[PDB]
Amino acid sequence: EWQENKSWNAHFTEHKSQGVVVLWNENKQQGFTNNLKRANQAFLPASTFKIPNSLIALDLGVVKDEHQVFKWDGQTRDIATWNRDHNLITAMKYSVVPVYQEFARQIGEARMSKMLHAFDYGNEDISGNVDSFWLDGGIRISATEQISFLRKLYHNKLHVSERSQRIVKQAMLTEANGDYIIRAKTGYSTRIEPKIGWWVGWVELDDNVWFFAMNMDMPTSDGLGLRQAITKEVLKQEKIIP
């Protein structure tokens, strides 16, 4: 069920980095990680919370489909991609916080709390500001717990409609070619220590699917590219991608 492979530490070492990668082989039902303790510690989800928050908003009508437009409110913010109109697709891709804060207001916390207990998401706790608990409130989740939630979403087993789950999976699309497909979501948590980055999702092959969840220390914005680079080094060492 779970094996530790400390050879993968070489990939964090050679980049002067600390973190964890967790993998799950769905055909064989086997899990793998470089550090079993950190794999099972809880952190703020940050922008990886955009997956469940999308699901809830669609199932309630706040978002009607993936073409509906959320136009720029005219307030200039330090991230430049955020100062333009978006839909569900581009708002996931550029991690556009103020679009999703507006959703959370619309949903309100009786219904947000209800959906998270139904989802069995993390510690299920939404203490703090209705529109920022995932960035500086009481909600926490581990890498192994990210994997269990994502497996339900892959199999359409969450207690929302099939249509909602299909639309969110479309909007998670990150990479594809003749060898693999990746559906995933980035996160960057900087408001409460420790600053960390996330990348969670899966790799679809012709005949199997490998779920993944990673996080790593991130004192400076300069190492954000390492989230994907280290993850792909593990995948290649294990012969999952070329």
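Start at 1 with the first residue shown and count on from there.
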Pick between 62-70 and 37-45: the one whose mean CA B-factor in the entry is higher. 62-70
Higher mean Cα B-factor in the deposited model: 79-87 or 116-124? 79-87
Based on the PDB record, which member of 135, 104, 171, 150 exhibits the highest Cα temperature factor? 104
Determine which member of 191, 50, 183, 28 has the highest CA B-factor, using the values in the deposited entry. 191
Ranked C-alpha temperature factor of residue 11 among modelled chain residues, by third: middle
Residue 240: which third of its chain by C-alpha temperature factor? middle
Would the CA B-factor of residue 110 place it in the lowest, middle or highest third of its chain? highest
Quick check for you: using the entry's CA B-factors within this chain, is residue 203 in the lowest, middle or highest third? lowest
Name the third of the chain's ranked CA B-factors that contains residue 18, choosing lowest, middle or highest. middle
